[PDB]
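Novice: Here it is, the structure, as structure tokens.
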Amino acid sequence: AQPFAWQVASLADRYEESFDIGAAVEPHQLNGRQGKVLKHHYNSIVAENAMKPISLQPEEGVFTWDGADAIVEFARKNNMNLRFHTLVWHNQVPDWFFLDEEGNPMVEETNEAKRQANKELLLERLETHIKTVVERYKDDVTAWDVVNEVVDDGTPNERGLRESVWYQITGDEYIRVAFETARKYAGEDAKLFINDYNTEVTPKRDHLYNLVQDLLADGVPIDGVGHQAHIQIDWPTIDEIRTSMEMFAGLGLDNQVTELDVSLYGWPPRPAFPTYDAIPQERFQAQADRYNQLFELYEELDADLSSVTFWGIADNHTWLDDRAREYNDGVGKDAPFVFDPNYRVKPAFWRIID
Ligand SMILES: [Cl-]
Ligand SMILES: [Cl-]
Ligand SMILES: [Cl-]
Ligand SMILES: [Mg+2]
Ligand code: NA
């Protein structure tokens, strides 16, 4: 039978000269078999949810550090590097941010003098969040997702920027302030990233490229691009992935794969197999081929790639299951990793360990 993850050679060791091997984690997963898999195979972690804005400051001046601290303590204890996800995002972000002093949404304000005041107030609240968070964790964090998903999937404006409440109120200044603030309190050696999904595909990739290129010209301290890599078996192509990483490397930036999962399905993910046992072996064999091709590319580009993080540990826990259920009437199971629900290795593991 396929051996347990702790009975085989380490991914971290295997890719030691190329890049860190990372996993997204939750506080309750830092023990038992998940703990055993992590220690054996990975030298980097990231919080799946515990370090998002709402997970850290649910109300103004009210900080909930426990989940994040637990993850940090596991990292210290096991010599793990640690990505911070994330300082700025349009989801999992508390409502109080975007309310004026009177308690009304800033987006409803029409008087321009007050719109300005709300803009400054929002940027000041953002600065305080980043200041407090960074000062607490700067000694442990080795990479910062400073902003997350600020580029749109389409072209609602000519710069391709996501028109979240952040944009509606501040334009792009929230992005500038995020990076400036991060740099100020984390120090010159901190690695600051802009993280996003579908970084391999146009036009989104070109809007990201342009944004980064424009901000760099104004001295905004961006060190790298986070490629979420929420990908599929045949999409995006290896060449699209290559081209994207080379473009950002050409601007003097680092690349990191931040949230890798290789879904068994398309987008949307229908049809989906209803259970894990119902997934045919041949799907896992196609996934393995894909994984071989992914990690040969990664290893080929290792001069411009410092870290590869999976968005989970093993197939028993993945946000791709939420997505599967969503598009298949509440029923569906994905299986994106190289370890199965019982922490036994999959074909994909053998194809990236060799
Ligand atoms: Cl809220
Ligand atoms: Cl192959
Ligand atoms: Cl095989
Ligand atoms: Mg291989
Ligand atoms: Na590297």
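We label chains A, B, ... in the order they appear in the structure tokens, count residues from 1 in each chain, and number ligands from 1 in the order shown.
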Need to verify the contact set: stretch 336-342 of chain A, 9 Å, only C-alpha atoms, exclusion of same-chain residues closer than 3 positions in sequence. Can you return it as number ranges by chain?

Specialist: A: 4-5, 33, 232, 260-264, 276, 287-288, 291, 310-318, 320, 345-350, 352

Novice: Restricting it to N, CA and C atoms, dump the selection as a PDB file, in the first residue's frame.

Specialist:
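See out-v2.pdb below for the written result:
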ATOM      1  N   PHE A   4       2.723   6.028   4.511  1.00  0.00           N
ATOM      2  CA  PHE A   4       2.382   7.286   5.149  1.00  0.00           C
ATOM      3  C   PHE A   4       3.420   8.346   4.816  1.00  0.00           C
ATOM      4  N   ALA A   5       2.972   9.598   4.823  1.00  0.00           N
ATOM      5  CA  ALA A   5       3.808  10.748   4.500  1.00  0.00           C
ATOM      6  C   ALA A   5       5.103  10.799   5.313  1.00  0.00           C
ATOM      7  N   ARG A  33      -1.596  13.824  13.289  1.00  0.00           N
ATOM      8  CA  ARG A  33      -1.018  13.404  12.017  1.00  0.00           C
ATOM      9  C   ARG A  33      -0.691  14.577  11.098  1.00  0.00           C
ATOM     10  N   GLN A 232      -5.447  23.984 -12.349  1.00  0.00           N
ATOM     11  CA  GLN A 232      -6.120  22.759 -12.735  1.00  0.00           C
ATOM     12  C   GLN A 232      -5.095  21.838 -13.379  1.00  0.00           C
ATOM     13  N   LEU A 260      -0.827  26.904  -3.722  1.00  0.00           N
ATOM     14  CA  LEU A 260      -0.909  25.885  -4.760  1.00  0.00           C
ATOM     15  C   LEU A 260      -1.926  24.800  -4.404  1.00  0.00           C
ATOM     16  N   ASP A 261      -2.851  24.576  -5.323  1.00  0.00           N
ATOM     17  CA  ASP A 261      -3.657  23.369  -5.315  1.00  0.00           C
ATOM     18  C   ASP A 261      -3.973  23.014  -6.765  1.00  0.00           C
ATOM     19  N   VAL A 262      -3.909  21.720  -7.074  1.00  0.00           N
ATOM     20  CA  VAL A 262      -4.187  21.223  -8.417  1.00  0.00           C
ATOM     21  C   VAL A 262      -5.525  20.489  -8.385  1.00  0.00           C
ATOM     22  N   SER A 263      -6.588  21.252  -8.609  1.00  0.00           N
ATOM     23  CA  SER A 263      -7.940  20.720  -8.620  1.00  0.00           C
ATOM     24  C   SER A 263      -8.083  19.634  -9.673  1.00  0.00           C
ATOM     25  N   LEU A 264      -8.950  18.672  -9.396  1.00  0.00           N
ATOM     26  CA  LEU A 264      -9.297  17.655 -10.382  1.00  0.00           C
ATOM     27  C   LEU A 264     -10.333  18.160 -11.387  1.00  0.00           C
ATOM     28  N   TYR A 276     -14.630  11.066  -2.012  1.00  0.00           N
ATOM     29  CA  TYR A 276     -13.229  10.771  -2.331  1.00  0.00           C
ATOM     30  C   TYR A 276     -13.064   9.378  -2.947  1.00  0.00           C
ATOM     31  N   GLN A 287      -3.309  13.925 -12.593  1.00  0.00           N
ATOM     32  CA  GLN A 287      -2.797  14.901 -11.629  1.00  0.00           C
ATOM     33  C   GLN A 287      -1.286  14.736 -11.410  1.00  0.00           C
ATOM     34  N   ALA A 288      -0.825  13.489 -11.346  1.00  0.00           N
ATOM     35  CA  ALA A 288       0.592  13.207 -11.119  1.00  0.00           C
ATOM     36  C   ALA A 288       1.460  13.729 -12.262  1.00  0.00           C
ATOM     37  N   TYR A 291       1.697  17.401 -11.961  1.00  0.00           N
ATOM     38  CA  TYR A 291       2.618  17.747 -10.880  1.00  0.00           C
ATOM     39  C   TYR A 291       4.078  17.594 -11.271  1.00  0.00           C
ATOM     40  N   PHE A 310       1.713  25.098  -0.582  1.00  0.00           N
ATOM     41  CA  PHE A 310       0.413  24.484  -0.883  1.00  0.00           C
ATOM     42  C   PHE A 310      -0.667  25.057   0.027  1.00  0.00           C
ATOM     43  N   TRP A 311      -1.879  25.232  -0.496  1.00  0.00           N
ATOM     44  CA  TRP A 311      -2.980  25.784   0.291  1.00  0.00           C
ATOM     45  C   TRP A 311      -3.703  24.681   1.066  1.00  0.00           C
ATOM     46  N   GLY A 312      -2.934  23.996   1.900  1.00  0.00           N
ATOM     47  CA  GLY A 312      -3.420  22.892   2.715  1.00  0.00           C
ATOM     48  C   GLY A 312      -2.317  21.862   2.861  1.00  0.00           C
ATOM     49  N   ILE A 313      -2.593  20.808   3.623  1.00  0.00           N
ATOM     50  CA  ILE A 313      -1.607  19.763   3.899  1.00  0.00           C
ATOM     51  C   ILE A 313      -1.944  18.504   3.106  1.00  0.00           C
ATOM     52  N   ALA A 314      -3.083  17.902   3.427  1.00  0.00           N
ATOM     53  CA  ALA A 314      -3.531  16.677   2.781  1.00  0.00           C
ATOM     54  C   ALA A 314      -4.988  16.813   2.367  1.00  0.00           C
ATOM     55  N   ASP A 315      -5.442  15.863   1.553  1.00  0.00           N
ATOM     56  CA  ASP A 315      -6.747  15.929   0.880  1.00  0.00           C
ATOM     57  C   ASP A 315      -7.976  15.880   1.803  1.00  0.00           C
ATOM     58  N   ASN A 316      -7.776  15.603   3.091  1.00  0.00           N
ATOM     59  CA  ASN A 316      -8.873  15.636   4.064  1.00  0.00           C
ATOM     60  C   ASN A 316      -9.348  17.052   4.389  1.00  0.00           C
ATOM     61  N   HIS A 317      -8.527  18.056   4.089  1.00  0.00           N
ATOM     62  CA  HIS A 317      -8.936  19.452   4.269  1.00  0.00           C
ATOM     63  C   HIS A 317      -8.498  20.359   3.113  1.00  0.00           C
ATOM     64  N   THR A 318      -9.481  20.907   2.400  1.00  0.00           N
ATOM     65  CA  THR A 318      -9.221  21.839   1.303  1.00  0.00           C
ATOM     66  C   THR A 318     -10.442  22.719   0.997  1.00  0.00           C
ATOM     67  N   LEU A 320     -11.173  23.822  -1.754  1.00  0.00           N
ATOM     68  CA  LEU A 320     -11.725  23.347  -3.022  1.00  0.00           C
ATOM     69  C   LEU A 320     -12.981  22.477  -2.836  1.00  0.00           C
ATOM     70  N   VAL A 345       0.869   8.840   0.810  1.00  0.00           N
ATOM     71  CA  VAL A 345       1.325   9.497  -0.407  1.00  0.00           C
ATOM     72  C   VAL A 345       0.480   9.095  -1.615  1.00  0.00           C
ATOM     73  N   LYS A 346       0.415  10.003  -2.579  1.00  0.00           N
ATOM     74  CA  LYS A 346      -0.318   9.798  -3.817  1.00  0.00           C
ATOM     75  C   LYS A 346       0.701   9.670  -4.943  1.00  0.00           C
ATOM     76  N   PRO A 347       0.251   9.283  -6.149  1.00  0.00           N
ATOM     77  CA  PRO A 347       1.161   9.249  -7.290  1.00  0.00           C
ATOM     78  C   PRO A 347       1.900  10.567  -7.498  1.00  0.00           C
ATOM     79  N   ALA A 348       1.184  11.679  -7.343  1.00  0.00           N
ATOM     80  CA  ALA A 348       1.769  13.009  -7.453  1.00  0.00           C
ATOM     81  C   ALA A 348       3.022  13.179  -6.597  1.00  0.00           C
ATOM     82  N   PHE A 349       3.018  12.592  -5.400  1.00  0.00           N
ATOM     83  CA  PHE A 349       4.179  12.669  -4.519  1.00  0.00           C
ATOM     84  C   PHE A 349       5.403  12.018  -5.162  1.00  0.00           C
ATOM     85  N   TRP A 350       5.218  10.818  -5.703  1.00  0.00           N
ATOM     86  CA  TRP A 350       6.323  10.104  -6.339  1.00  0.00           C
ATOM     87  C   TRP A 350       6.862  10.869  -7.543  1.00  0.00           C
ATOM     88  N   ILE A 352       7.045  14.144  -7.890  1.00  0.00           N
ATOM     89  CA  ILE A 352       7.786  15.352  -7.505  1.00  0.00           C
ATOM     90  C   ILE A 352       8.930  15.108  -6.519  1.00  0.00           C
TER      91      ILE A 352
END

Novice: With a distance cut-off of 12 Å and only C-alpha atoms, select the neighbouring residues of residue A:203, excluding the residue or stretch itself and same-chain residues fewer than 6 positions from it, and output the selection as a list in words.

Specialist: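 The filter keeps residues 151, 152, 153, 154, 155, 156, 158, 159, 160, 161, 209, 210 and 244 of chain A.
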
Novice: Could you turn the residues from that selection into a file that holds N, CA, C and O atoms, as a PDB file, in the first residue's frame?

Specialist:
ATOM      1  N   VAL A 151      -6.051  43.294  -8.049  1.00  0.00           N
ATOM      2  CA  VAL A 151      -6.233  43.373  -9.499  1.00  0.00           C
ATOM      3  C   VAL A 151      -7.534  42.667  -9.861  1.00  0.00           C
ATOM      4  O   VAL A 151      -7.846  41.628  -9.301  1.00  0.00           O
ATOM      5  N   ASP A 152      -8.293  43.242 -10.787  1.00  0.00           N
ATOM      6  CA  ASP A 152      -9.592  42.687 -11.169  1.00  0.00           C
ATOM      7  C   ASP A 152      -9.417  41.512 -12.126  1.00  0.00           C
ATOM      8  O   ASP A 152      -8.353  41.339 -12.722  1.00  0.00           O
ATOM      9  N   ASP A 153     -10.459  40.697 -12.261  1.00  0.00           N
ATOM     10  CA  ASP A 153     -10.445  39.589 -13.226  1.00  0.00           C
ATOM     11  C   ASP A 153     -10.794  40.094 -14.625  1.00  0.00           C
ATOM     12  O   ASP A 153     -10.508  39.426 -15.615  1.00  0.00           O
ATOM     13  N   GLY A 154     -11.413  41.273 -14.693  1.00  0.00           N
ATOM     14  CA  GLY A 154     -11.755  41.914 -15.961  1.00  0.00           C
ATOM     15  C   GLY A 154     -11.090  43.271 -16.114  1.00  0.00           C
ATOM     16  O   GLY A 154      -9.968  43.479 -15.643  1.00  0.00           O
ATOM     17  N   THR A 155     -11.787  44.193 -16.779  1.00  0.00           N
ATOM     18  CA  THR A 155     -11.262  45.537 -17.031  1.00  0.00           C
ATOM     19  C   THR A 155     -12.362  46.585 -16.788  1.00  0.00           C
ATOM     20  O   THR A 155     -12.820  47.246 -17.720  1.00  0.00           O
ATOM     21  N   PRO A 156     -12.794  46.732 -15.521  1.00  0.00           N
ATOM     22  CA  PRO A 156     -13.818  47.718 -15.154  1.00  0.00           C
ATOM     23  C   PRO A 156     -13.299  49.150 -15.273  1.00  0.00           C
ATOM     24  O   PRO A 156     -14.066  50.077 -15.536  1.00  0.00           O
ATOM     25  N   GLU A 158      -9.394  51.171 -16.749  1.00  0.00           N
ATOM     26  CA  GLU A 158      -8.294  50.932 -17.695  1.00  0.00           C
ATOM     27  C   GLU A 158      -7.004  50.408 -17.047  1.00  0.00           C
ATOM     28  O   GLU A 158      -6.133  49.884 -17.738  1.00  0.00           O
ATOM     29  N   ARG A 159      -6.892  50.539 -15.727  1.00  0.00           N
ATOM     30  CA  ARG A 159      -5.760  49.979 -14.983  1.00  0.00           C
ATOM     31  C   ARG A 159      -6.029  48.555 -14.486  1.00  0.00           C
ATOM     32  O   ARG A 159      -5.145  47.917 -13.924  1.00  0.00           O
ATOM     33  N   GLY A 160      -7.249  48.067 -14.693  1.00  0.00           N
ATOM     34  CA  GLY A 160      -7.629  46.708 -14.302  1.00  0.00           C
ATOM     35  C   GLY A 160      -7.642  46.465 -12.805  1.00  0.00           C
ATOM     36  O   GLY A 160      -7.479  45.331 -12.360  1.00  0.00           O
ATOM     37  N   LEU A 161      -7.837  47.530 -12.029  1.00  0.00           N
ATOM     38  CA  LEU A 161      -7.844  47.434 -10.569  1.00  0.00           C
ATOM     39  C   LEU A 161      -9.197  46.937 -10.055  1.00  0.00           C
ATOM     40  O   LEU A 161     -10.247  47.288 -10.596  1.00  0.00           O
ATOM     41  N   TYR A 209       1.272  43.299 -13.850  1.00  0.00           N
ATOM     42  CA  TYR A 209       2.546  43.788 -14.392  1.00  0.00           C
ATOM     43  C   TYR A 209       2.627  45.321 -14.436  1.00  0.00           C
ATOM     44  O   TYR A 209       3.585  45.913 -13.937  1.00  0.00           O
ATOM     45  N   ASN A 210       1.621  45.953 -15.036  1.00  0.00           N
ATOM     46  CA  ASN A 210       1.577  47.416 -15.149  1.00  0.00           C
ATOM     47  C   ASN A 210       1.505  48.106 -13.794  1.00  0.00           C
ATOM     48  O   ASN A 210       2.247  49.055 -13.541  1.00  0.00           O
ATOM     49  N   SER A 244       4.726  34.261 -17.033  1.00  0.00           N
ATOM     50  CA  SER A 244       4.353  35.137 -15.916  1.00  0.00           C
ATOM     51  C   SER A 244       5.498  35.344 -14.922  1.00  0.00           C
ATOM     52  O   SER A 244       5.818  36.478 -14.559  1.00  0.00           O
TER      53      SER A 244
END

Novice: Tell me, which residues of stretch 76-123 of chain A carry DSSP helix (DSSP H, G or I), written as a PyMOL selection string?

Specialist: chain A and resi 76-77+95-98+106-108+112-123

Novice: Dump as CSV the rows for residues of chain A within 7 Å of ligand 4: closest atom pair and distance in Å with one decimal, only C-alpha atoms and all ligand atoms counted, ordered by chain and rising residue number.

Specialist:
residue,atom,partner,partner_atom_place_in_ligand_line,distance
A:292,CA,ligand 4,1 (Mg),4.3
A:295,CA,ligand 4,1 (Mg),6.7
A:296,CA,ligand 4,1 (Mg),6.4
A:351,CA,ligand 4,1 (Mg),4.2
A:352,CA,ligand 4,1 (Mg),4.2
A:353,CA,ligand 4,1 (Mg),6.3
A:354,CA,ligand 4,1 (Mg),5.1

Novice: Generate a file of the selected residues that holds N, CA and C atoms, formatted as a short mmCIF file (atom, residue, chain, number, x, y, z; two decimals), in the first residue's frame.

Specialist:
data_model
loop_
_atom_site.label_atom_id
_atom_site.label_comp_id
_atom_site.auth_asym_id
_atom_site.auth_seq_id
_atom_site.Cartn_x
_atom_site.Cartn_y
_atom_site.Cartn_z
N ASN A 292 4.40 16.54 -12.01
CA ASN A 292 5.76 16.38 -12.51
C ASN A 292 6.17 17.59 -13.34
N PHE A 295 6.65 20.91 -11.17
CA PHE A 295 7.84 20.98 -10.32
C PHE A 295 9.15 20.93 -11.09
N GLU A 296 9.12 20.46 -12.33
CA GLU A 296 10.28 20.60 -13.22
C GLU A 296 10.41 22.05 -13.64
N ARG A 351 5.99 11.62 -8.21
CA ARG A 351 6.39 12.34 -9.41
C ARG A 351 7.10 13.66 -9.13
N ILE A 352 7.04 14.14 -7.89
CA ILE A 352 7.79 15.35 -7.51
C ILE A 352 8.93 15.11 -6.52
N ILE A 353 9.03 13.90 -5.97
CA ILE A 353 10.13 13.56 -5.07
C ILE A 353 11.37 13.11 -5.84
N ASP A 354 11.16 12.57 -7.04
CA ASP A 354 12.27 12.02 -7.84
C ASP A 354 13.10 13.10 -8.52
#

Novice: Collect all residues with atoms no farther than 8 Å from ligand 1, counting only C-alpha atoms and all ligand atoms, and output them as an MDAnalysis selection string.

Specialist: chainID A and resid 54 58:59 93:96
